[PDB]
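Okay, structure first, notes after.
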Amino acid sequence: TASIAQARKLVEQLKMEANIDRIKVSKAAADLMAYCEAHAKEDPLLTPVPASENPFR
Amino acid sequence: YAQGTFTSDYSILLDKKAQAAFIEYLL
Amino acid sequence: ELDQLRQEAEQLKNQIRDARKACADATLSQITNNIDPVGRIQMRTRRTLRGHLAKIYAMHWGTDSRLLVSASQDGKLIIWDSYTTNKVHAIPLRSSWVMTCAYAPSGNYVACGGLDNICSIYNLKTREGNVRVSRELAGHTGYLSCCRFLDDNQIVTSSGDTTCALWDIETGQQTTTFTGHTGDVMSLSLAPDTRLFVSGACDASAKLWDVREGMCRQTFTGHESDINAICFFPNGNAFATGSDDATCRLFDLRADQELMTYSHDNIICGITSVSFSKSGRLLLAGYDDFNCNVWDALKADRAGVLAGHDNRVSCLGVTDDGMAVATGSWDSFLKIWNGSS
Amino acid sequence: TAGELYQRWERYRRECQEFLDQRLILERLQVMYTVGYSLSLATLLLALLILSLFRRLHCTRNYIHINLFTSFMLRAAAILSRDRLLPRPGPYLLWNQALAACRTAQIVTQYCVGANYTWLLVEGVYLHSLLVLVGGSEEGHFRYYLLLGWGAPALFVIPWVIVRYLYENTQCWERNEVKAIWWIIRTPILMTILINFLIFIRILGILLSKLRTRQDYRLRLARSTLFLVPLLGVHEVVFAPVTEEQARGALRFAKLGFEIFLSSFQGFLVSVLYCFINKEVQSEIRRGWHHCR
Amino acid sequence: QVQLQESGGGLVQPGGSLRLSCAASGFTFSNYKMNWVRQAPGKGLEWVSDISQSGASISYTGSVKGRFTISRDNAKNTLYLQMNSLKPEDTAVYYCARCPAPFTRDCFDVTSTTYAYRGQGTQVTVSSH
Amino acid sequence: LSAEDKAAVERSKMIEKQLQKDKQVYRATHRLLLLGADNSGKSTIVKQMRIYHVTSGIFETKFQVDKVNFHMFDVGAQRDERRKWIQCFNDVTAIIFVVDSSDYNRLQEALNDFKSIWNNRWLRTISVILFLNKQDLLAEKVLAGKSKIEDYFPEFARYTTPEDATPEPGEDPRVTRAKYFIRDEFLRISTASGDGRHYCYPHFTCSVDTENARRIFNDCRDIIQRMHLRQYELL
C-alpha cells in the first residue's frame with residue numbers, strides 16, 4: 001500500500017524534526033537587531049551613498 | 001478645398017469694390 | 001494500521017506547536033518598539049533596459065554587481081551590463097517558455113529552464129567566443145521554477161513535481177534529490193554559506209534542507225496560500241517568503257517560527273518576488289499590483305514604493321554590494337533603481 | 001484686374017501732357033472660420049503634448065496620430081499666417097515686400113493643406129492594412145508612411161510653383177482666373193478624398209460583420225461611423241457633388257459656409273475625439289496622477 | 001496550518017438525509033470560495049458544489065441539483081452541506097476544499113489527485129443491512 | 001578608454017540588429033495553447049496538422065495556413081495542478097479548448113475546466129476557440145438511446161432546439177437538439193462574464209476532419225481584427 005509507506009515516512013520525518021534545539025525569540029530577535037545595526041553604516045540602499053562614488057549616475 | 005475658393009472669391013469681391021470707388025472718388 | 005500512524009502524526013505536530021510557543025517570550029515588534037523608524041525612502045530609476053519582446057519571468061545579478069541576466073518568454077536570455085546599458089549576449093533558447101534563470105558565482109556559466117522540465121546550461125566564455133549549450137540537465141517531471149548555481153560545478157533546481165534536486169554538471173545526473181513538499185516548488189534560495197537552502201512551495205510551507213545530508217531539517221508553516229518567492233537574511237539565520245495572500249512573513253531558523261508578517265489592508269494582490277537589502281534592514285517585495293513595496297524588516301512599516309511598472313512585477317534582485325535594485329516585469333522592461341542622497 | 005487700371009490711367013496723362021451684402025457675409029465667415037482655426041490650434045496643442053511626451057502611449061497607431069495632429073497645427077498656423085498678411089488694397093487705401101511675401105505665405109499653406117489631406121489617407125491606409133491585410137506584421141511600413149505623409153504633397157505643390165509661374169503668374173498667388181490651373185493642387189486632394197471613401201466603406205463593411213456576429217445594434221453602428229468619419233476626413237466627399245453645376249444664390253454661400261465650417265473646426269473635433277474620448281489615454285492619466293500623489 | 005477536517009457521514013438508508021460540516025482553521029475563513037468535491041469508489045475526484053466568498057453565488061453539479069444545499073458561516077468558521085433524498089450511487093468520500101487564492105473566482109485545482117488545501121475526507125455510504 | 005568601450009558598443013549594436021530581425025518573426029507568428037482532457041481528441045487534432053513537420057515538458061506543432069504561421073503548444077508531462085504554469089500562456093493569441101461531447105460523464109468536469117479558464121485573472125483577455133470534438137460518436141450514442149443525457153443534466157427536458165441551428169442535411173432532430181445543448185452549456189459560461197475582452201468560438205468537429213486549421217485560421221483572424229478595432233475604440 002502506498003498510504004502506509006507515506007505515513008511511516010511522515011512520522012519518522014516529524015519525529016526527528018521535533019528533536020531540535022529552539023532558541024528563545026528574545027535572543028533570536030536580538031541577533032537580528034544586532035546584525036542590522038552593525039552593518040547599517042555599510043548599507044548603500046538604506047542610507048544612500050554619496051553620488052561621487054556610486055556607479056549609477 | 002474650401003480654403004482656396006473662399007480666398008479666391010474674397011480676392012475679387014474686395015478688388016472690384018476698390019475699382020468702382022476709385023473712379024467715383026475723383027468726381 | 002493506518003489509524004495508528006495518523007494518531008502519532010497529529011500528536012507529534014501538537015508537540016512541535018507547544019514547543020514553539022514555549023520559546024516565544026516576546027515578538028520581534030515588541031523588542032523593536034524602541035528602534036527609530038527607517039524613514040521615507042525614495043528611489044529613482046537610474047537605468048531602463050529594453051530589448052525583450054515578451055514578459056520577463058526571471059533575472060539574476062552577477063557576482064560583480066554587474067551583468068544582470070534576464071529571461072523572457074520570447075525565447076531570449078539577454079545578459080545586460082547595467083552600466084551604459086550595452087547588451088553582452090542574446091542567447092536564444094530551444095524552448096520559448098522559460099520560468100527561471102541563473103548566473104554562476106564565477107560568472108562563466110548561465111543556467112535556464114522553464115516549462116520544459118530541462119535546466120539548460122550555457123558556457124559564456126567559450127574558446128571561440130560563441131555561447132553554446134553545455135549541458136541539458138533532464139530528469140525532472142514537472143516544469144522548472146528556480147535554479148541557483150551552488151558552486152560552478154553543481155546547481156540546485158526546484159521543479160514543479162514537488163521536488164528539488166542537486167545536479168553535477170559534468171556527470172549530468174541527480175547527485176541527490178530532496179523529496180519534500182506535496183505541491184509545486186515555486187522558489188529557492190541558498191544560504192550565504194552555500195551549505196543549506198530553503199524552498200517555498202504551493203502547500204504554504206517553506207522547508208529547510210541540508211545539501212550534504214540530503215534531508216529536510218525544519219518545516220515552517222505560517223502562510224495560507226502558495227508561496228511564490230523566498231529569500232535569505234544576509235546572516236543566514238532568517239528568511240522571508242511572499243505568498244498569494246499579499247503577506248510577507250519573516251521566519252527564523254533558530255527560533256523555528258515566524259516573527260513578523262508584513263502586510264496592509266490595502267494590498268490584496270500577492271507577492272511575486274522578495275529580496276533583502278545589503279544589511280538586511282530593508283525588504284523589497286515585488287507585488288502583483290504593478291509596483292513593489294520597500295518594507296522594513298525589523299518593523300513592518302512600508303517605507304517606500306517603487307511604482308514605475310506597467311504590468312505585474314515578476315522579478316527582483318539586489319546586487320552583492322547592495323547598490324542597486326533591478327525589477328523586471330511582464331511589460332518586458334528591467335528598471336534598475338537606486339537611492340538618492 | 002486692378003493693377004492694369006493704373007497702368008492705363010497714367011498713360012492717358014502722357015498724351016494729355018504731350019456688392020455690399022456679399023462682402024458682409026464673407027466678413028462674417030472670416031471671423032467665424034478664424035475662430036475655429038484659432039481654437040483648434042489651442043486645443044489640439046494640449047492634446048498633442050499630453051500624448052507625445054508620455055512613454056506609455058507610443059504604439060505605431062499613436063505615431064500617425066501625432067503626425068496627423070501636427071499636420072493640423074501646421075495647416076491651421078499657415079492659414080492664420082496667410083490671413084494675417086492679406087495684402088488687401090484697403091490696408092493701404094508704390095509697395096514692396098508683401099507681394100513676394102504673399103507668394104511665400106500662400107505656397108506654404110498649399111503644402112500645409114496637402115500635408116493634412118494626405119495624412120488622413122495614410123491613417124486610412126494603415127487602418128485598412130490593420131484589418132483587411134493578412135500576414136503583414138506592419139512596423140516596417142513606417143518608412144513609407146512618413147514618405148507618403150509629408151513627401152507626397154511635395155509632388156502636388158512643387159509643379160504648381162512651376163506651371164503657374166511660367167503660364168498664369170498672378171500678384172501673390174491668390175487670384176484664380178483660370179480653373180485649369182486650379183487643378184494639380186485640387187485634383188490630388190480629390191483623389192486622396194475618393195480613396196479614403198473606399199477605405200471608409202470597407203471598414204464599415206467589416207465593422208458590420210463584427211456587430212452582427214455578436215447579438216442596441218443601431219446605436220453602436222451610428223456612434224462608430226461618426227467616430228470614423230473625421231479620422232479619414234470623409235465628410236468632405238459629400239460637399240463636393242460635381243462642382244460643374246455651380247448653383248447661384250444664397251445656397252452657394254450657405255453650402256460653402258457649412259463646408260468652411262467643418263474644415264475650420266476639424267482640428268478641434270479630431271483633437272477631442274481621439275485624445276479625450278479615448279479611454280486608454282484618459283484612464284492612463286489616472287495612473288500617472290496616482291504616482292504623483 | 002490550513003486544516004479542513006470534516007465531520008458527519010456514516011451509514012444512511014436510501015432516501016434519507018445527512019449533513020456534513022467542515023471546520024476550517026489556520027486561515028481566515030472568508031474571502032475564499034469553498035467547494036465540496038467528492039470521490040466515489042473506483043472513480044476519480046469529482047466536483048459536487050461550491051459557494052462564493054460570502055454566499056449569494058452558489059452552484060451545483062447536475063446530478064445533485066435540487067437535492068443538496070450548501071451554506072457557510074463566516075463567524076462560525078464552518079462550511080455546511082446538507083443532503084436530502086439520498087440515492088444508492090451517492091456513496092462516496094466527501095472533501096471540503098477551498099480555492100487556492102483569496103479574493104478570486106477562478107478556483108483551479110480542487111479535484112486534482114493531490115491538493116494541499118483539501119480535507120481528510122468523510123465517508124458516506126448508502127446501503128441497507 | 002574609449003577604444004575598449006567602442007568594442008563593447010559595437011557588440012551591442014550587432015546584438016540589437018539581430019534582435020530587430022527576430023522581433024519581426026516573433027510578431028509574425030501566432031502562438032496558440034491547446035487544452036483538453038484525456039478523452040478529448042487532442043492528439044488526433046494535433047495529428048491532423050502533424051503532417052506539416054519542419055520529462056518531455058511541452059510539445060509544439062508548427063502549421064501555416066495562407067502564408068500565416070501558427071504555433072500550437074500542448075503540455076506533455078506536467079502534474080494535475082495547473083494553476084501555476086497556466087499563467088505563462090497569458091500572451092497567446094487564443095486558447096484551443098477541446099471537449100469530448102460524447103461522454104456525458106466528464107462533461108461537467110469539462111465545463112468546470114472551461115469556467116476556470118474563462119474567469120482566470122491572467123486569462124481574462126484570451127479568446128477561447130471551443131472544439132466540441134467527437135461529434136460522430138455523439139450521434140451513435142444519441143441514436144441508440146441507451147444512455148440519456150437527462151440523467152446527468154436535469155435541465156434538458158425543457159430545452160428546445162435553437163432557431164439559428166444549422167444541422168447537416170440528413171441529421172436526425174434528436175442529435176441536433178443534443179449537440180446544440182452542449183454548445184449552449186459552454187456559451188452560457190462565456191456570455192455570463194465575457195463582455196468584449198474575449199469571446200468563445202464553438203465548433204462541431206468529428207474525429208477526423210480535413211478542415212480544422214482553417215477554422216483556427218478563420219477564427220484567429222477574427223480575434224486579430226476585433227483587437228485592432230477595439231484599439232481604435234470602434235467596437
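We name chains A, B, ... following the order of the C-alpha cells; residues begin at 1 in each chain, and ligands are numbered from 1 as shown.
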
Next on the checklist: Which residues are close to residue 12 in chain B, i.e. within 9 Å by only C-alpha atoms, leaving aside same-chain residues fewer than 4 positions away? Reply as a list in words.
Outcome noted: residues 7, 8, 16 and 17 of chain B; 1 and 175 of chain D

Same residues, C-alpha atoms, saved as a PDB file, in the first residue's frame:
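Written file, out_8.pdb:
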```pdb
ATOM      1  CA  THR B   7      -9.864  83.334 -50.614  1.00  0.00           C
ATOM      2  CA  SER B   8     -10.326  83.339 -54.397  1.00  0.00           C
ATOM      3  CA  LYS B  16     -13.917  95.104 -57.539  1.00  0.00           C
ATOM      4  CA  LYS B  17     -15.136  97.398 -54.755  1.00  0.00           C
TER       5      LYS B  17
ATOM      6  CA  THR D   1      -7.591  93.446 -62.748  1.00  0.00           C
ATOM      7  CA  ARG D 175      -6.333  85.147 -57.719  1.00  0.00           C
TER       8      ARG D 175
END
```

Next on the checklist: Taking the DSSP secondary structure from the backbone, can you list the residues of range 4-88 of chain E that are strand (DSSP E or B), as a PyMOL selection string?
Outcome noted: chain E and resi 6+10-12+17-23+25+34-35+38-39+45-46+49-51+58-60+69-73+78-84

Wanna dump the chain C-chain A contacts at 7 Å for me, each residue with its shortest atom pair and the distance in Å to one decimal, counting only C-alpha atoms, ordered by chain and number, as a tab-separated table?
```
residue	atom	partner	partner_atom	distance
C:2	CA	A:4	CA	6.5
C:5	CA	A:7	CA	6.1
C:6	CA	A:7	CA	7.0
C:8	CA	A:11	CA	6.9
C:9	CA	A:11	CA	5.6
C:12	CA	A:14	CA	6.7
C:16	CA	A:18	CA	5.8
C:23	CA	A:24	CA	4.6
C:24	CA	A:25	CA	5.3
C:25	CA	A:26	CA	6.1
C:26	CA	A:26	CA	6.1
C:28	CA	A:29	CA	5.5
C:46	CA	A:56	CA	6.3
C:217	CA	A:17	CA	6.1
C:218	CA	A:17	CA	6.1
C:254	CA	A:23	CA	5.3
C:255	CA	A:23	CA	4.9
C:256	CA	A:22	CA	6.6
C:277	CA	A:45	CA	6.8
C:278	CA	A:43	CA	5.7
C:279	CA	A:39	CA	5.5
C:280	CA	A:36	CA	6.1
C:281	CA	A:36	CA	5.5
C:282	CA	A:46	CA	6.9
C:322	CA	A:44	CA	6.1
C:323	CA	A:44	CA	5.6
C:339	CA	A:48	CA	5.2
C:340	CA	A:48	CA	5.7
C:341	CA	A:48	CA	5.3
```

Written file, previous selection with N, CA, C and O atoms, as a CSV table (one decimal), in the first residue's frame:
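Output below, filename part30.csv:
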```
chain,number,residue,atom,x,y,z
C,2,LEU,N,-3.6,2.1,9.5
C,2,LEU,CA,-3.5,3.5,9.1
C,2,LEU,C,-3.8,4.4,10.2
C,2,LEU,O,-3.1,5.5,10.4
C,5,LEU,N,-0.8,5.2,12.7
C,5,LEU,CA,0.3,6.1,12.3
C,5,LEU,C,-0.3,7.5,12.3
C,5,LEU,O,0.5,8.5,12.7
C,6,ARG,N,-1.5,7.8,11.9
C,6,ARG,CA,-2.0,9.1,11.8
C,6,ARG,C,-2.2,9.7,13.2
C,6,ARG,O,-2.1,10.9,13.4
C,8,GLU,N,-0.3,9.2,15.8
C,8,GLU,CA,1.1,9.7,16.2
C,8,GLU,C,1.4,11.0,15.4
C,8,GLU,O,2.0,11.9,16.0
C,9,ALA,N,1.0,11.1,14.2
C,9,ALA,CA,1.3,12.3,13.4
C,9,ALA,C,0.6,13.5,14.0
C,9,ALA,O,1.2,14.6,14.1
C,12,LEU,N,2.4,14.3,17.3
C,12,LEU,CA,3.7,14.8,17.1
C,12,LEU,C,3.7,16.3,16.6
C,12,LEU,O,4.5,17.1,17.1
C,16,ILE,N,5.3,19.8,18.5
C,16,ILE,CA,6.1,20.8,17.9
C,16,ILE,C,5.4,22.2,18.2
C,16,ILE,O,6.1,23.2,18.5
C,23,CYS,N,9.1,28.7,23.6
C,23,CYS,CA,10.2,29.6,23.4
C,23,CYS,C,9.9,30.9,22.8
C,23,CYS,O,10.7,31.5,22.1
C,24,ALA,N,8.6,31.4,22.9
C,24,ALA,CA,8.2,32.7,22.4
C,24,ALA,C,7.9,33.6,23.5
C,24,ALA,O,6.8,33.7,24.0
C,25,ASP,N,8.9,34.3,23.9
C,25,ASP,CA,8.8,35.3,25.0
C,25,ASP,C,8.1,36.6,24.6
C,25,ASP,O,7.0,36.9,25.1
C,26,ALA,N,8.7,37.3,23.6
C,26,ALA,CA,8.1,38.5,23.1
C,26,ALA,C,8.3,38.5,21.6
C,26,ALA,O,9.3,37.9,21.0
C,28,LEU,N,9.0,40.1,17.7
C,28,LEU,CA,10.1,41.0,17.2
C,28,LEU,C,9.6,42.4,17.2
C,28,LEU,O,10.5,43.3,17.5
C,46,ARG,N,17.4,54.6,-12.3
C,46,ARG,CA,18.7,55.1,-12.9
C,46,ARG,C,18.8,54.6,-14.3
C,46,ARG,O,19.1,55.4,-15.2
C,217,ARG,N,15.5,19.6,7.3
C,217,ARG,CA,15.7,19.8,8.8
C,217,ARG,C,14.6,20.4,9.5
C,217,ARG,O,14.2,19.9,10.6
C,218,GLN,N,14.0,21.5,9.0
C,218,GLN,CA,12.9,22.1,9.6
C,218,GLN,C,11.8,22.4,8.6
C,218,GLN,O,12.1,22.6,7.4
C,254,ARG,N,16.7,29.5,14.1
C,254,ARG,CA,16.9,29.0,15.5
C,254,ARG,C,15.6,29.0,16.3
C,254,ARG,O,15.3,28.0,16.9
C,255,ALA,N,14.8,30.0,16.2
C,255,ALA,CA,13.5,30.0,16.9
C,255,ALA,C,12.5,29.1,16.2
C,255,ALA,O,11.5,28.8,16.8
C,256,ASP,N,12.8,28.8,14.9
C,256,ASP,CA,11.9,27.8,14.2
C,256,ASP,C,10.5,28.2,14.1
C,256,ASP,O,9.6,27.4,14.1
C,277,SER,N,17.9,43.9,1.5
C,277,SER,CA,18.9,44.9,1.2
C,277,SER,C,20.3,44.2,1.6
C,277,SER,O,20.4,43.1,2.0
C,278,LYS,N,21.4,45.0,1.4
C,278,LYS,CA,22.7,44.5,1.7
C,278,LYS,C,22.8,44.2,3.2
C,278,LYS,O,23.4,43.1,3.5
C,279,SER,N,22.3,45.0,4.1
C,279,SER,CA,22.4,44.8,5.5
C,279,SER,C,21.2,44.1,6.1
C,279,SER,O,21.3,43.7,7.3
C,280,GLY,N,20.2,43.8,5.3
C,280,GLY,CA,19.0,43.1,5.8
C,280,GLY,C,18.0,44.0,6.4
C,280,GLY,O,16.9,43.4,6.8
C,281,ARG,N,18.2,45.3,6.6
C,281,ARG,CA,17.3,46.1,7.2
C,281,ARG,C,16.0,46.3,6.4
C,281,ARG,O,14.9,46.3,6.9
C,282,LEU,N,16.2,46.4,5.1
C,282,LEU,CA,15.1,46.6,4.2
C,282,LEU,C,14.7,45.3,3.6
C,282,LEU,O,15.4,44.3,3.5
C,322,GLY,N,24.8,45.7,-2.7
C,322,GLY,CA,23.6,46.4,-2.3
C,322,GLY,C,23.5,47.9,-2.8
C,322,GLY,O,23.0,48.7,-2.1
C,323,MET,N,24.0,48.1,-4.1
C,323,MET,CA,24.0,49.5,-4.6
C,323,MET,C,22.8,49.7,-5.5
C,323,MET,O,22.4,50.9,-5.6
C,339,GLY,N,19.1,54.6,-4.7
C,339,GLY,CA,18.8,55.7,-3.7
C,339,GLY,C,19.2,57.1,-4.3
C,339,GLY,O,19.8,57.2,-5.4
C,340,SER,N,19.0,58.1,-3.4
C,340,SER,CA,19.3,59.4,-3.8
C,340,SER,C,19.5,60.2,-2.5
C,340,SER,O,18.6,60.4,-1.7
C,341,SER,N,20.7,60.7,-2.3
C,341,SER,CA,21.0,61.5,-1.1
C,341,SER,C,20.3,62.8,-1.1
C,341,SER,O,19.4,63.1,-0.3
```

Checklist entry - Counting only C-alpha atoms, which residues of chain C come no farther than 10 Å from chain D, as a ChimeraX atom specification? => result /C:305-308,310

Just N, CA, C and O atoms for this one: save the residues we selected as a JSON list (two decimals), in the first residue's frame.
```json
[["chain", "number", "residue", "atom", "x", "y", "z"],
["C", 305, "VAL", "N", 7.67, 52.93, -1.97],
["C", 305, "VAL", "CA", 7.02, 52.19, -3.04],
["C", 305, "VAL", "C", 7.73, 52.52, -4.35],
["C", 305, "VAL", "O", 7.96, 53.69, -4.65],
["C", 306, "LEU", "N", 8.08, 51.49, -5.11],
["C", 306, "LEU", "CA", 8.71, 51.67, -6.42],
["C", 306, "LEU", "C", 7.68, 51.47, -7.52],
["C", 306, "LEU", "O", 7.69, 50.49, -8.26],
["C", 307, "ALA", "N", 6.77, 52.44, -7.63],
["C", 307, "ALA", "CA", 5.67, 52.37, -8.59],
["C", 307, "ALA", "C", 6.14, 52.97, -9.91],
["C", 307, "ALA", "O", 6.05, 54.17, -10.14],
["C", 308, "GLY", "N", 6.65, 52.11, -10.79],
["C", 308, "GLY", "CA", 7.08, 52.57, -12.09],
["C", 308, "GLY", "C", 6.84, 51.58, -13.22],
["C", 308, "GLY", "O", 7.28, 51.81, -14.35],
["C", 310, "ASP", "N", 4.37, 48.99, -15.68],
["C", 310, "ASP", "CA", 3.05, 48.90, -16.30],
["C", 310, "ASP", "C", 2.35, 47.60, -15.91],
["C", 310, "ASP", "O", 1.27, 47.62, -15.31]]
```

Next on the checklist: When you look at range 58-70 of chain D with a cut-off of 6 Å (counting only C-alpha atoms), what residues show up, excluding the ones that are within fewer than 3 positions of it in the same chain? I need them as a ChimeraX atom specification.
Outcome noted: /D:55,73,119

Checklist entry - If we count only C-alpha atoms, which residues of chain C reach to within 10 Å of chain E? Please list them as a ChimeraX atom specification. => result /C:181-183,202-205,220-226,243-246,268-270

Restricted to N, CA and C atoms, what would the selected residues look like written as a short mmCIF file (atom, residue, chain, number, x, y, z; two decimals), in the first residue's frame?
```
data_model
loop_
_atom_site.label_atom_id
_atom_site.label_comp_id
_atom_site.auth_asym_id
_atom_site.auth_seq_id
_atom_site.Cartn_x
_atom_site.Cartn_y
_atom_site.Cartn_z
N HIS C 181 8.01 18.64 -0.29
CA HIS C 181 6.68 19.23 -0.37
C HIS C 181 5.68 18.37 -1.12
N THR C 182 4.40 18.61 -0.87
CA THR C 182 3.32 17.95 -1.59
C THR C 182 2.80 18.78 -2.76
N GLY C 183 3.35 19.97 -2.98
CA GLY C 183 2.94 20.81 -4.08
C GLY C 183 4.15 21.32 -4.84
N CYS C 202 3.84 25.29 -3.08
CA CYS C 202 2.44 25.62 -3.26
C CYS C 202 1.55 25.05 -2.16
N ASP C 203 2.14 24.47 -1.12
CA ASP C 203 1.39 23.99 0.04
C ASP C 203 1.49 24.94 1.22
N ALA C 204 1.95 26.17 0.99
CA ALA C 204 2.07 27.20 2.02
C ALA C 204 3.02 26.77 3.13
N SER C 205 4.14 26.15 2.75
CA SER C 205 5.15 25.74 3.71
C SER C 205 6.51 25.79 3.05
N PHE C 220 8.46 25.12 8.03
CA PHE C 220 7.82 26.34 8.51
C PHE C 220 6.46 26.48 7.87
N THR C 221 5.42 26.63 8.70
CA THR C 221 4.04 26.72 8.24
C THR C 221 3.39 27.92 8.92
N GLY C 222 3.39 29.06 8.24
CA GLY C 222 2.71 30.23 8.75
C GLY C 222 1.81 30.90 7.73
N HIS C 223 1.97 30.52 6.46
CA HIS C 223 1.24 31.15 5.38
C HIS C 223 -0.13 30.50 5.21
N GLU C 224 -0.90 30.99 4.23
CA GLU C 224 -2.21 30.42 3.95
C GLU C 224 -2.48 30.28 2.46
N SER C 225 -1.44 30.34 1.63
CA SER C 225 -1.59 30.15 0.19
C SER C 225 -0.22 29.82 -0.38
N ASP C 226 -0.18 29.59 -1.70
CA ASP C 226 1.06 29.21 -2.35
C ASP C 226 2.14 30.26 -2.12
N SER C 243 3.68 35.28 -0.45
CA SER C 243 2.69 34.33 -0.95
C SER C 243 1.53 35.02 -1.65
N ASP C 244 0.49 34.26 -1.97
CA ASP C 244 -0.63 34.78 -2.74
C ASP C 244 -1.64 35.56 -1.90
N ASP C 245 -1.47 35.60 -0.58
CA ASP C 245 -2.34 36.39 0.28
C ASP C 245 -1.79 37.78 0.54
N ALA C 246 -0.83 38.24 -0.27
CA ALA C 246 -0.24 39.57 -0.14
C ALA C 246 0.38 39.77 1.24
N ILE C 268 -4.06 43.31 -1.62
CA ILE C 268 -4.75 42.03 -1.70
C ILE C 268 -4.21 41.22 -2.88
N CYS C 269 -3.16 41.73 -3.53
CA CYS C 269 -2.73 41.17 -4.80
C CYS C 269 -1.93 39.89 -4.62
N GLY C 270 -0.76 39.98 -3.98
CA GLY C 270 0.07 38.81 -3.80
C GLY C 270 1.48 38.96 -4.32
#
```

Closest contacts (chain C/chain F, max 7 Å, only C-alpha atoms) as a tab-separated table:
```
residue	atom	partner	partner_atom	distance
C:53	CA	F:23	CA	6.9
C:86	CA	F:12	CA	5.3
C:87	CA	F:12	CA	5.0
C:88	CA	F:12	CA	6.4
C:90	CA	F:15	CA	6.6
C:115	CA	F:57	CA	6.1
C:116	CA	F:57	CA	4.0
C:117	CA	F:57	CA	5.3
C:138	CA	F:55	CA	6.9
C:139	CA	F:55	CA	6.0
C:140	CA	F:55	CA	5.9
C:141	CA	F:55	CA	4.9
C:142	CA	F:78	CA	4.8
C:143	CA	F:78	CA	6.8
C:161	CA	F:79	CA	6.6
```

Selection file, N, CA and C atoms, as a CSV table (one decimal), in the first residue's frame:
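This is the output file part33.csv:
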```
chain,number,residue,atom,x,y,z
C,53,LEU,N,11.0,41.1,-26.0
C,53,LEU,CA,9.8,41.3,-26.7
C,53,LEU,C,8.5,40.8,-25.9
C,86,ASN,N,24.7,48.5,-22.4
C,86,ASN,CA,25.2,47.7,-23.5
C,86,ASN,C,24.8,46.2,-23.2
C,87,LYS,N,24.3,45.5,-24.2
C,87,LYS,CA,24.0,44.1,-24.1
C,87,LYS,C,25.2,43.3,-24.5
C,88,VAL,N,25.5,42.3,-23.7
C,88,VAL,CA,26.7,41.5,-23.9
C,88,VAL,C,26.4,40.2,-24.6
C,90,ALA,N,22.9,37.6,-26.3
C,90,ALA,CA,21.4,37.4,-26.6
C,90,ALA,C,21.1,36.0,-26.9
C,115,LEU,N,9.1,25.7,-18.7
C,115,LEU,CA,8.0,24.8,-19.0
C,115,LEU,C,8.5,23.7,-19.9
C,116,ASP,N,9.7,23.1,-19.7
C,116,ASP,CA,10.2,22.1,-20.5
C,116,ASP,C,10.9,21.0,-19.6
C,117,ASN,N,10.9,21.1,-18.3
C,117,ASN,CA,11.5,20.2,-17.4
C,117,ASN,C,13.0,20.0,-17.6
C,138,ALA,N,18.3,16.9,-17.5
C,138,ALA,CA,17.0,16.4,-17.6
C,138,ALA,C,16.8,15.3,-16.5
C,139,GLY,N,15.5,15.1,-16.1
C,139,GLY,CA,15.2,14.2,-15.1
C,139,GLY,C,14.0,14.6,-14.2
C,140,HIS,N,13.7,15.9,-14.3
C,140,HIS,CA,12.6,16.4,-13.5
C,140,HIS,C,11.3,16.1,-14.3
C,141,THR,N,10.2,15.9,-13.6
C,141,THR,CA,8.9,15.5,-14.2
C,141,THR,C,8.1,16.8,-14.5
C,142,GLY,N,7.9,17.7,-13.6
C,142,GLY,CA,7.2,18.9,-13.8
C,142,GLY,C,8.1,20.0,-14.3
C,143,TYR,N,7.5,21.2,-14.5
C,143,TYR,CA,8.3,22.3,-15.0
C,143,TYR,C,9.4,22.7,-14.0
C,161,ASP,N,7.3,19.3,-9.9
C,161,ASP,CA,6.9,18.0,-9.5
C,161,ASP,C,7.1,17.7,-8.0
```

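A straight line drawn from CA of residue 336 in chain C to CA of residue 120 in chain C is 26.6 Å long.
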
Next on the checklist: Report as a list in words all protein, DNA and RNA residues lying within 10 Å of residue 91 in chain E, evaluated on only C-alpha atoms, omitting residues in the same chain fewer than 3 positions from it.
Outcome noted: residues 10, 11, 12, 38, 39, 40, 41, 86, 87, 88, 94, 123, 124, 125, 126 and 127 of chain E
